[PDB]
């Protein structure tokens, strides 16, 4: 291990909690605030908790990043994550962006795992996983590669699962519970050859989910709190 966070506490030398108004990105419904990021117990475990909450028609959730604190290149990153049932608008994600001062998408983005896509709500919202890379010199010149597939068993089953990215000069390889899920070829792609930092978030609604109006949100009701739990993250 080059780095491990077991989430016995929220380490401000490594992570920053984000604060944003509703609809900051992707027509998302949640506001992000510090109060919806916590470290606490889940049975015998000490875990990072990102909490989506609805209070009337207002939605709050959590997002963290390691920008300017922890970044790496050409290493394996793994996280153990327990995901909420996403059907009806939840959008959890484990991802990376270039540790530089370039605006997205020119910083590069690696979406290791996201769930909650519009199309999973034919198919099985509990099994449908999306991985992606985004790049290009501006929002006008955005390029994306995308893979979507259903794993064998629910990933939204009350258990922790391991999400991995293997990274070298040629390939980004995503694995789930140590089984290869997809490879992106970065051998000629100039955006994936510098330090990247880590993000975790629990978005609510947004274009990815197909829910961009609070009146269409079915997965979070008035007063409800739904959690995304990260037991640990390691860089080998």
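Numbering follows the first chain given and starts at 1.
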Answer with none, 1 to 3, 4 to 9, or 10 or more: how many deposited residues between residue 133 and residue 134 are not present in the coordinates.
none
Stretch with the higher entry mean CA B-factor, where the candidates are 81-89 and 151-159
151-159
Please compare 38-46 with 171-179 and say which has the higher mean C-alpha temperature factor in the record.
38-46
Between 99, 143, 111, 126, where does the Cα B-factor run highest in the record?
99
Reading the B-factor column for Cα atoms of 26, 57, 209, 51, the highest value belongs to 57
Of the three thirds of Cα B-factor ranks in this chain, residue 122 occupies the highest
According to the PDB entry, is the CA B factor of residue 70 in the bottom, middle or top third of its chain, that is, lowest, middle or highest?
highest
Third of the chain, ranked by Cα B-factor, where residue 116 sits:
lowest
Residue 217, C-alpha B-factor rank within chain (lowest, middle or highest third)
middle
If you rank every modelled residue in this chain by C-alpha B factor, which third holds residue 236: lowest, middle or highest?
highest
